[PDB]
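Have a look at the structure below before the remarks.
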Amino acid sequence: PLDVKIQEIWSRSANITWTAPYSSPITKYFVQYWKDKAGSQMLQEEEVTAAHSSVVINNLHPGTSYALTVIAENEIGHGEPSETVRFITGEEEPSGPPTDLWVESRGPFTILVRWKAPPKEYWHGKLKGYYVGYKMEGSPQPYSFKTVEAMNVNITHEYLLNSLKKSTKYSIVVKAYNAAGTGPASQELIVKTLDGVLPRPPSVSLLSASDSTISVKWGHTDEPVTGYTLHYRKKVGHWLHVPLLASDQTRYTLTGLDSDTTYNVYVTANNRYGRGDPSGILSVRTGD
Amino acid sequence: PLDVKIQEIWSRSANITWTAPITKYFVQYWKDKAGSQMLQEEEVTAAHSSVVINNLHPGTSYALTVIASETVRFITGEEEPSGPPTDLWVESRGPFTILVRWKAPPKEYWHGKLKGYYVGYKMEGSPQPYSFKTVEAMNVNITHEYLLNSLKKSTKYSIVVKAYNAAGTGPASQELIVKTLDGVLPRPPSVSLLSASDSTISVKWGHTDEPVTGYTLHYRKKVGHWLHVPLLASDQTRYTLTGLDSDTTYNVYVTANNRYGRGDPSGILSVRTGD
Ligand code: NA
Ligand code: NA
Ligand code: NA
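The listed protein sequences derive, respectively, from chains B and A.
Positions 297 to 319, 322 to 519, 523 to 589 (the authors' numbering) are the ones given, in order, by the first sequence.
Positions 297 to 317, 324 to 370, 380 to 519, 523 to 589 (the authors' numbering) are the ones given, in order, by the second sequence.
Have a look at this one:
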């Protein structure tokens, strides 16, 4: 038919509109529609009598791009007017929370939150951003929320909470949102700010591994650091402790290890007031 | 701290237990996944021989240490999956059968290792409850499938799939409404991509019960109108489109026709030409 229009759109429905085409008279109207993404899709079809200039398509997925064609079939079945349109269905609120919530850095006044986006299939509409809420753990007050950009092209998302109190436990949640509304919140993350007295946790990273050895490095930490302690253990085994008197030290190579064995490794910094909070704990398998 | 014990486990909690022959007790715990994790810590009095850790993730494996030293491992209790299966795909393969396929929900939403899936189906046009069938989890595989059979012909069915684990059942996928074939008109060919070039696209489909009199190949640009290539030849089972534009996305699908008329279409392909 000529002048095919999507007259109105819902999140799961769309009303299609056209005008009577060139007439051999029209036997029926044939409506095809399918998802407009890459890869093979289902070709949905639906008939309408020649007396109708309209139809409502139902059971569509929200926030999804569709292509649709109306065909005016003929007696002759030849040269039958066709026209294809493209549209996107209305939005619905995200149905899944962000995942893999993660603390990256910490200070006495700041907390760096990171998270991965909920899977695209649960967006039901392109995300407009995220809400990061936080509160002190033992407080009746509600969460106070901060707005973050969606950055939908990035794998990782992050936000730095600041102007916090020292040595305080905060509860953190993240929600995604789009034009329709807000999705569910992630599970509570309970994070304690530093004290500003003990050393900050080092940033430990894997340097090298072999059949018998593992090497790791970390950045120097901020009252003068008097030393570091490296901790390690087999996945089935007790913790062992390598004391590093040297504060020039930012590297260490474990030796005499077992082949094809997973070791855990983390580092702590010490100053005159005692041992600071630990790094992330690494999982490294002995190899080449 | 001798003989550390996980005395009991919940889905987000765990009670830890020990004896010790001291300043304080120091309780470290972390997720037992690969890659760098967060080392969570809590302190407890010297007067306590036990502590309850809170706000753990369900269906998650943890390692734990108590220091006055000794490290144990456990897995938190299960919770029901919180997401439905994705990428639902059903084609009426016959007048009596429908083959359903789906991808698993993202593992972050399992909250416990999946035991399988439930495939529910019912006639659309009459008020009925869904009748559910059990399928194995096959968590190793990327794609999952179930062939619904013993159906009526030329009937519309409503299809849903759910994941489930030891805690219970996850939410269902949105309805897929699919109609079984009539057993008269040709069954929809199964068309797949062979090759693409800057100027061409080549596709294939399966060979043949009533003798097929011909095929029609339909194609169009992502922005454009449908074009129809009639193939009265029923022998070859392949075709190569020519004269296309470079770096352009084309839709393609194939219909078969016999004495009774034109059969239901293929799946619709989306193929982009090379540079
Ligand atoms: Na068209
Ligand atoms: Na501290
Ligand atoms: Na065109």
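Yeah, the Cβ is synthetic: ideal placement off N, Cα and C, and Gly gets one too.
Smallest Cα separation from residue i: which of the options?
{"i": "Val383 (chain A)", "options": "A:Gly577, A:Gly361, A:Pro297, A:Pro416", "result": "A:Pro297"}
{"i": "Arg586 (chain B)", "options": "B:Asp559, B:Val526, B:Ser403", "result": "B:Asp559"}
{"i": "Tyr457 (chain B)", "options": "B:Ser322, B:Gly375, B:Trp400, B:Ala336", "result": "B:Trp400"}
{"i": "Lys464 (chain A)", "options": "A:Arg552, A:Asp493, A:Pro440", "result": "A:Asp493"}
{"i": "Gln485 (chain A)", "options": "A:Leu541, A:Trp413, A:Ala477", "result": "A:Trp413"}
{"i": "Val514 (chain A)", "options": "A:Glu524, A:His532, A:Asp523, A:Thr527", "result": "A:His532"}
{"i": "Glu447 (chain B)", "options": "B:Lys473, B:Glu435, B:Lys467", "result": "B:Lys473"}
{"i": "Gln330 (chain B)", "options": "A:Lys418, A:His539, A:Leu546", "result": "A:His539"}
{"i": "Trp516 (chain B)", "options": "B:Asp509, B:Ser510, B:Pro525, B:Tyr529", "result": "B:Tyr529"}
{"i": "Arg534 (chain B)", "options": "B:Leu505, B:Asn565, B:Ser580, B:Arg552", "result": "B:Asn565"}
{"i": "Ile582 (chain B)", "options": "A:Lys326, A:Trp306, A:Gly337", "result": "A:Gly337"}
{"i": "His422 (chain A)", "options": "B:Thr491, B:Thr397, B:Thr480", "result": "B:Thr397"}
{"i": "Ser319 (chain B)", "options": "B:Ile302, B:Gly377, B:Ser461, B:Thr480", "result": "B:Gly377"}
{"i": "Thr491 (chain B)", "options": "B:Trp332, B:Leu425, B:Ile453, B:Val411", "result": "B:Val411"}
{"i": "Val489 (chain B)", "options": "B:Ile453, B:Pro360, B:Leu462, B:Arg552", "result": "B:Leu462"}
{"i": "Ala570 (chain A)", "options": "A:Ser508, A:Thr563, A:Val502, A:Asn356", "result": "A:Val502"}
{"i": "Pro417 (chain A)", "options": "A:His359, A:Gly394, A:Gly577, A:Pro438", "result": "A:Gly394"}
{"i": "residue 522 (chain A)", "options": "B:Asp589, B:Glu402, B:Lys335, B:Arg308", "result": "Since chain A is numbered 519 and then 523, with no step between, residue 522 (chain A) has no place in the structure shown."}
{"i": "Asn572 (chain A)", "options": "A:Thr562, A:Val430, A:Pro525", "result": "A:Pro525"}
Using a beta-carbon distance below 8 Å, is residue i in contact with chain B?
{"i": "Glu391 (chain A)", "result": "no"}
{"i": "residue 372 (chain A)", "result": "Absent from the coordinates is residue 372 (chain A), which sits in the stretch where chain A moves from 370 straight to 380."}
{"i": "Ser437 (chain A)", "result": "no"}
{"i": "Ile312 (chain A)", "result": "no"}
{"i": "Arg573 (chain A)", "result": "no"}
{"i": "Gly337 (chain A)", "result": "yes"}
{"i": "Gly394 (chain A)", "result": "yes"}
{"i": "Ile324 (chain A)", "result": "no"}
{"i": "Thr382 (chain A)", "result": "yes"}
{"i": "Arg552 (chain A)", "result": "no"}
Got a sec, what are the start and stop residues for the beta strand (DSSP E) residue i sits in?
{"i": "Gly517 (chain B)", "result": "Per DSSP, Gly517 (chain B) belongs to no beta strand (DSSP E) and is neither H nor E."}
{"i": "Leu458 (chain A)", "result": "454-459"}
{"i": "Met434 (chain B)", "result": "427-434"}
{"i": "residue 323 (chain A)", "result": "Missing here is residue 323 (chain A): after 317, the next number in chain A is 324."}
{"i": "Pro379 (chain B)", "result": "Element bounds for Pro379 (chain B): n/a, residue is neither H nor E."}
{"i": "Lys414 (chain A)", "result": "409-414"}
{"i": "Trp421 (chain A)", "result": "Element bounds for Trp421 (chain A): n/a, residue is neither H nor E."}
{"i": "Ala349 (chain B)", "result": "It is not in any beta strand (DSSP E) - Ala349 (chain B) carries neither H nor E in the DSSP assignment."}
{"i": "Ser363 (chain B)", "result": "363-372"}
{"i": "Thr315 (chain B)", "result": "310-315"}
{"i": "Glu390 (chain A)", "result": "Careful: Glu390 (chain A) lies outside any beta strand (DSSP E) and carries neither H nor E."}
{"i": "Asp398 (chain B)", "result": "397-404"}
{"i": "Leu341 (chain A)", "result": "Run containing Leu341 (chain A): none; DSSP gives neither H nor E here."}
{"i": "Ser307 (chain A)", "result": "Where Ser307 (chain A) is concerned, there is no enclosing beta strand (DSSP E), given that its DSSP letter is neither H nor E."}
{"i": "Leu358 (chain B)", "result": "Here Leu358 (chain B) belongs to no beta strand (DSSP E), and DSSP marks it neither H nor E."}
{"i": "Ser584 (chain B)", "result": "583-586"}
Is residue i close to chain A? Criterion is C-beta to C-beta, closer than 8 Å.
{"i": "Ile302 (chain B)", "result": "no"}
{"i": "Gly517 (chain B)", "result": "no"}
{"i": "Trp306 (chain B)", "result": "no"}
{"i": "residue 520 (chain B)", "result": "Within chain B, the sequence of modelled residues goes 519 then 523, so residue 520 (chain B) has no position in this structure."}
{"i": "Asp398 (chain B)", "result": "yes"}
{"i": "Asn357 (chain B)", "result": "yes"}
{"i": "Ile470 (chain B)", "result": "no"}
{"i": "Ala478 (chain B)", "result": "no"}
{"i": "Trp332 (chain B)", "result": "yes"}
{"i": "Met434 (chain B)", "result": "no"}
{"i": "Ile453 (chain B)", "result": "no"}
{"i": "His422 (chain B)", "result": "no"}
{"i": "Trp413 (chain B)", "result": "no"}
Looking at residue i and ligand 2, is the gap between the Cβ and the nearest heavy atom below 7 Å?
{"i": "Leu496 (chain B)", "result": "yes"}
{"i": "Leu492 (chain B)", "result": "yes"}
{"i": "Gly427 (chain A)", "result": "no"}
{"i": "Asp578 (chain B)", "result": "yes"}
Flag residue i as yes when its Cβ comes closer than 7 Å to any non-hydrogen atom of ligand 1, and as no otherwise.
{"i": "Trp314 (chain B)", "result": "no"}
{"i": "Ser501 (chain B)", "result": "no"}
{"i": "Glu381 (chain B)", "result": "yes"}
{"i": "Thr367 (chain B)", "result": "yes"}
Residue i: beta carbon under 7 Å from a heavy atom of ligand 4?
{"i": "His542 (chain A)", "result": "Among the ligands in the structure shown, ligand 4 does not appear; only ligand 1, ligand 2 and ligand 3 can be found there."}
Can you find a heavy atom of ligand 3 that lies under 7 Å from the Cβ of residue i?
{"i": "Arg308 (chain B)", "result": "no"}
{"i": "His455 (chain A)", "result": "no"}
{"i": "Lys433 (chain B)", "result": "no"}
{"i": "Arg384 (chain B)", "result": "no"}
{"i": "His539 (chain A)", "result": "yes"}
{"i": "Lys536 (chain A)", "result": "no"}
3-residue-minimum beta strand (DSSP E) runs that sit fully inside the region 443-503 of chain A, ordered along the chain:
As far as the region 443-503 of chain A is concerned, its whole beta strand (DSSP E) runs of at least 3 residues are 454-459, 467-476, 487-490.
Whole runs of the alpha helix (DSSP H) within the region 534-579 of chain B, excluding any shorter than 4 residues:
Scanning the region 534-579 of chain B from its first residue to its last, no whole alpha helix (DSSP H) run of 4-plus residues comes out.
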